[PDB]
């Protein structure tokens, strides 16, 4: 029971990013232990209010995972991110969305 597991954080859009076209921003947080965790989705560094998430589940190896998501319209300049806080993390970790 002794060893804690830091979260893996993956940020991705439901659809290929196209400026002006509504989309869905997903943040998948997985591999972590224990289950207590805080997750926010950010628009230009501000917490987004209308964010949904799955109920807690876990992998075969007992690591927890959560899916957080919101609708969003990508633009040229707008920045979006996923911000996670967990006992393994000293400060909240911010993974930026990168449509590539």
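Residue numbers count along the first chain shown, from 1.
Note on 69-77 vs 50-58: mean CA B-factor is higher in 69-77.
The mean C-alpha temperature factor is higher for 39-47 when 60-68 and 39-47 are set side by side. Of the candidates 96, 5, 99, 8, it is 99 whose Cα B-factor is highest according to the PDB record. Based on the entry's C-alpha B-factors, the most elevated value among 84, 17, 87, 25 belongs to 17.
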